[PDB]
Structures are given as C-alpha cells and as structure tokens.
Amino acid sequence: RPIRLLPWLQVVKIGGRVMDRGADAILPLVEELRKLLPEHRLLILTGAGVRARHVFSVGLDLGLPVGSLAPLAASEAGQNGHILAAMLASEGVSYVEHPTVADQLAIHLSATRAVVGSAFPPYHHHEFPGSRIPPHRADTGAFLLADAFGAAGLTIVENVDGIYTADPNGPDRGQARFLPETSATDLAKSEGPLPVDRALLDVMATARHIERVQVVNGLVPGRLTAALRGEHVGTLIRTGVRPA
C-alpha cells in the first residue's frame, strides 16, 4: 500500500448545516476547537449547507448540468471555511486554498496548529454525470484527502447523533433507529437517505489507510474532542481497509 504522507494529521469535516445554525452552534464549536489546537495537528474542512441548495434550485431551473453545479456548491463550503477560520484567527488559524492543501499542507501545519479549507474536492466541470446533483461533495472530498495523506483519522461533525435507519428529521422519523456502528458496504447496499454522501461509501471501498470514520453530533460540546481520542460517541463507519 502507498506510504502515509502525513501520518500525524487529524482531519475534521464540519457539516455546512452545522455552520448554517450560526453563532449558537458556531461559538461553542469554536471554543471546543480552540481547546483542541494544542492536542492535535488539524486540517479542518467545511461543507456547504443550505446556500448550496439555493444555488442548485437556481442552476437546475436554468437547466445547468451537474459539472456546472459542482463548483457553485463548493463556493458555499469555501465561504463557511472563511467564516470558521476568521473566528479562530486570534489562535493562528487561517483558511488555505485547495492547491495549498494539496501541495503545502506540511509547511502550513509546521507554522501553526490548524488550518481550515473547503471540504469539496475540485471535480468542478469534470464532475461525473448520472445524477443532476454533484456526487463528490464535502464528506467525499474530506475522505479523499484524509486517505491520500494516510492521516491518523477523519471525523465528521454533523447536526445529528450519527446515522439512523431513516432520516431522523424526515417523514419517517418515527421509526428512525440509531446505528452506533456500521460498515460502508452495508450502507452502500441500503436505499434511503444518509447524513453522508453516497460517494463517500465508494471512496471507502478503494481506501488504502483510513479504517474507520466517526460521525458525531457537533451540537453537543465535547463529542468532537472525545471522537478525536477514539471514544465512541456517534456512528462508527468501518471502511474495510485492514491493518498491514
């Protein structure tokens, strides 16, 4: 298997719908991240949330193909990353662009304890066709980088406790049951909505290093800190990578 480029890296993906909650969610997360900065070398990647739904509404109404919509959504994830980095600036944290993440992350994490970037990957007008909704979104981009780097982990910070058997905010929430652990292959074979991209399960099947990804509720203080120490506080997704 390929070498790990940054074996000491922890990657944290912050959901765009968490950022959409504004200060009431963001201020406690910022405080928790400040306290985590001495403990971990962090690449913090933000998703897109509700503004990408609005640009999809407009773009799909204009008839635009899926490759047009992919960078339009990614913009919203970049903007969330600039908002989160500004709140952490006094601790030395800034947003860094995708080429800086892809080629210079080692030097930037030598300079400071964490940096923030957009979790969307640069698939852009070369997004894959088939669905009218861009498939390679923020969970997927964060995992591709975490696994390419051979990072020590990827933790996904959601606005729910983890993965349930149905959308726990949707029309069938009454029979939504919480899943403390699952495999990517099991999820991939089910139909129904998830709080993570379906492309994430595909990239998990070809992964070379990351064995598990935990989805935890960022609206509950201390869950992110517990997940970064390996404590089981949300849903663990086994990727089906095995130890060498």
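When you see a residue number, it is the position in the sequence shown, counting from 1.
- In this entry, 169-177 has the higher mean Cα B-factor, the comparison being between 68-76 and 169-177.
- Taking the PDB entry as given, 191-199 carries the higher mean Cα B factor of the two stretches 191-199 and 30-38.
- By the numbers in the PDB entry, the CA B factor is greatest at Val233 among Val233, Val12, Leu9, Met19.
- Set against one another, the Cα B-factors of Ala205, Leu43, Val215, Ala52 in the record reach their highest point at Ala205.
- Ranked within its chain, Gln104 lands in the middle third, by CA B factor from the PDB record.
- In the deposited entry, the Cα temperature factor of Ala152 sits in the middle third of values across the chain's modelled residues.
- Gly130: CA B factor in the highest third of modelled residues in this chain (values from the PDB entry).
- For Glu158, the recorded CA temperature factor ranks within the middle third of the chain's modelled residues.
- Residue-level temperature factors show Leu219 in the highest third of its chain, judged at the C-alpha atom.
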